[PDB]
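We give C-alpha cells for two forms of one protein chain below, kept apart as structure 1 and structure 2.
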Structure 1
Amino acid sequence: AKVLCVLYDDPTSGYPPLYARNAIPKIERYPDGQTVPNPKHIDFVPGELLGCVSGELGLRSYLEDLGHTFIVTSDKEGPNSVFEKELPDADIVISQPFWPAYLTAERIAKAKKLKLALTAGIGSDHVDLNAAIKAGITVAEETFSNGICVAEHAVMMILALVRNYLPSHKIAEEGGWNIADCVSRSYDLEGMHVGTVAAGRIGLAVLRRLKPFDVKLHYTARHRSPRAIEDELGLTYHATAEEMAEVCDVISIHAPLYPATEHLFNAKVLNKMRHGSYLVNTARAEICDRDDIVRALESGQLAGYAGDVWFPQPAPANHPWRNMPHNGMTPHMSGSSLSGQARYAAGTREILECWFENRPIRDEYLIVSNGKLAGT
C-alpha cells in the first residue's frame, strides 16, 4: 500500500532537537475511562518529537518492513504540491490538524485509491465528511489523544491574562522592576465568573481544573450535561452563549466549528460582556470574528484575549492577532505537546495495525466508515 503523510517542518536548529528530559509520564487512561492507545509495538521513546517531517510519527520502519510505500512531506498547498501529486494513488492519507492535508470533495474525487483518511490527533475538520460518506472511505482519529493538552493550555492562558504575566516577564528580562506597572492590570482569578462554551471532553477537563481556583462556573452547550456533572462542579447552565456572556468575567471556547458557532463571538456577543472581560479560544478561530476581537481589545471591551488557533493557518506574518493589545497568543501547538504526540503517534500506529491486519478499528476512533457517519 501507499501511505501519504503530511507533517510540519523540522526544528530550525535541525532534527532531532536537544530534549530537555529523556522520559515522560505514562498515561494509562482518559478521565471518562477510555484507554490510551495500545499498538503492539512502538518505534519511538515517548517524549520524542514525532510530528515533523523527520519524526515521521515513528512509522517508517514499521511500514517499510511490510512493503508499504511511505511518503512524508510538508508541501500540501495547491494542485502542484507534493501532496496533490502523490494523492491519486495513495491508499492511506495521514495528517495532523496542526498542519492539515485538506481532503476537499475535489481532492477526494481524484484520490482514486483512497480508502483510509487518518487524523494524527483529534477530529476531522480538514476532511469533507459528506464526500467521504459517498466515496465509501474510512475516516478515523485517535479520540481524546490530546484533549488534556488543550485543557492545560487554556487554563494556563486564562491565568496568564488575568494576572498580567506576559508584560511582567518582559519587564524582568529587559532589566526593569516597575511593580506598579506590572500590577496595574494584575488581578486574581479567585471569585470570577468563568464559563466554557461546550462541556465535552476538553471543556469538562477545563471546568475540573478551574474548580479549585474558587471561581463561579458556567457553561453553555447544545446538549446539556447530566445532572451528576453539574452537581459535581457546581455548574450553572445557559441555553445560549449570549446569556452566558452577560454574566461571565472569563469565557473559554471548547466547541466545534459549525454554522451555529461560526462568528459566534462577534461584536454583538462581545458587547454583552462586562467591560474588561477575558476570552480564551483554543478551539477554532472562526468561532470568533477576527476584526471584532481586535476592536474589542483596542476599546478595552476585552481586557485580554489568548488562544493558539488562527484564521488562515498558518497565520500570515501580517495577521492582526499577533500584535493586537493585551494578547497571549501562541502558534497552533497545544495538542502537539511532546506528551500529546506520544499518544496520537501510538494511536496512529494502533489503527494502521488494525487496518493492515483486517481487524476492526476501535469504534471510538471511527468518524465515518463504509458509508456510515458516527456523529453528525
Structure 2
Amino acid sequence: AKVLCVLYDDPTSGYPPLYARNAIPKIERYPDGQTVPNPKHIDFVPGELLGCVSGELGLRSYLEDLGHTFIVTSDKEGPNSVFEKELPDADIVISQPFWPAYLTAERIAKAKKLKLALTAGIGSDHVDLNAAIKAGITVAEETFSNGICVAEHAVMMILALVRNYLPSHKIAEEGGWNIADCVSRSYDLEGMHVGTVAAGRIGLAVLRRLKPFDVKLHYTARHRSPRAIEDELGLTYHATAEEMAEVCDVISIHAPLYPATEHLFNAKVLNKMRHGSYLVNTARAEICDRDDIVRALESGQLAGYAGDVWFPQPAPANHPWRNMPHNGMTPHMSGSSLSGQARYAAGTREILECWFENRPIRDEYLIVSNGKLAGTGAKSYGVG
C-alpha cells in the first residue's frame, strides 16, 4: 500500500530539538477505563517530537519492512502541493488536525485508491464525512489520545483570561511594575459560574479539573450525563447553549465540529451572556462565528477569548483572532504536546497494524465505516 502522510515542518532550530527533559510519565489508562494504544511495538521513545516531517510519527521502518511506501510532506495547499499530486494513488492518508490535509469532496473524488483516512489526533472534521461515507472510505482517529492535554490547556486558558496573566507578563518583561494596570482586569475564578459545551471525554475532564476551584458548574449536551456524574460534580444541565450562556461567567467549548455545531457560538448566543464574560475554545474554531467573536471582544461583551484552534489551518498571518483585544490564543498545539504525541503516534500505528492484518480497528476509534457514521462517530457526530 501507499501511505501518504502530511505533518508539520521541523523546528526552526533543526531536528531533533533540544529537549528540556529526557523522559515523560507512563500513562496506561484514560479516566473512563479505555486503555492507551496497544500496537505490537513502537519505534520511538515517548517524549520525542513525532509530529513533524523528520519525526514521521515513528512509522517508516514499520511500513517499509512490510513493503509499503511511505511519503511524508508538509506541503498541503492547493492542487500543486505534494499532497494533492500524490493523492490520486494513495491507499491511506494520515494527517494531524494541527496541520490538516483537508479532504474536501473534490479531493476525495480525485483520490482513486483512498480507503482509509486516518487522523493522527482527535477530530476528523477536516475530512468531508458525507463524501467519505459515499466513497466507502473508513475514517478513524485515536480517541482520548490527547484529550487530557486539551483539558489542561483549556483550564490554563480560563485562568489566564480571568486573572489577566498575559498582559501582566508583558509588563514584567518590559520593565514595568504597574500593579493597578495588571489588576484592573484581574479576577479570581472562585465562585464564578463555569459551563462546558459537551461533557464528553474532554469536557468531563475539564469539569473535574474545575471542581476544586469552587466554581458553580454547568454543561449543555444533546444527551444528559448520568445522574451519578451530575451528583459527583454538582452539575446543572441546560438543554441548549443559549440557555447556558444566560447564567455562565465562563464557557469552555468541547464538542466536535459538524453541521449542527457549526457557528453554534455566534452573536445570538454570545449576546445572552453577561457583559464581561469569558469564552475558551479548544474544540474547533468554526463552532464559533469568527467575526462575531471579534465584535464581542471589541464591545466588551466578552472580556476575553482564548483557544488554540483556528480556521482555516494554518491561520493566515492576517487572521483577525491574532490581534483582537483581550485574547489568549496559541497556534493549534494542545493536542500536540510531546506527551500527547506519544499516545496518538502509538495509536496511529495500532490502527495501521489492525488494518493491514485484517483485524478490526477499535470501535471507539471509528468515525466512519462501511458507508455510515460508526463507533464514536455515530455517538458524537452528525452529518445531517
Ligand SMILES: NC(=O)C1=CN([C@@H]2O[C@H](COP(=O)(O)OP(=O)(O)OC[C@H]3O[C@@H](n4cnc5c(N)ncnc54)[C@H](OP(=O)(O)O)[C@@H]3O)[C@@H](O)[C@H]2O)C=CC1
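Throughout, residue numbering runs from 1 along the sequence of structure 1. Basically, rigid core = biggest C-alpha set you can superpose within 1.5 Å across the two forms.
A.B. asks: So which is it, 1 or 2, that shows the form deposited with the named molecule bound?
C.D. replies: The chain shown as structure 2 is the form deposited with the named molecule bound.
A.B. asks: If I align on the rigid core, exactly one of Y102, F213, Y237, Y165 should have its C-alpha move by 2 Å or more between structure 1 and structure 2; which residue is that?
C.D. replies: So the residue whose C-alpha moves 2 Å or more is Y102.
A.B. asks: Spell out whether the Cα of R222 moves at least 2 Å between structure 1 and structure 2 when the two forms are superposed on their rigid core.
C.D. replies: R222 C-alpha, core-superposed: shift of less than 2 Å.
A.B. asks: Using a rigid core superposition, assess whether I71 undergoes a CA shift of 2 Å or more between structure 1 and structure 2.
C.D. replies: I71 C-alpha, core-superposed: shift of less than 2 Å.
A.B. asks: Once you line up the core, how about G191: does its CA shift reach 2 Å between structure 1 and structure 2?
C.D. replies: False for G191: its C-alpha shift is below 2 Å.
A.B. asks: Where the rigid core has been superposed, how far does the Cα of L116 end up moving between structure 1 and structure 2, given in Å?
C.D. replies: Its C-alpha position differs by 2.3 Å.
A.B. asks: Once the rigid core is superposed, tell me how far the Cα of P312 moves between structure 1 and structure 2, in Å to one decimal.
C.D. replies: Displacement of the alpha carbon, after core fit: 1.4 Å.
A.B. asks: If the rigid core is lined up, how many Å does the C-alpha atom of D289 shift between structure 1 and structure 2?
C.D. replies: On core superposition, this C-alpha lies 0.9 Å from its counterpart.
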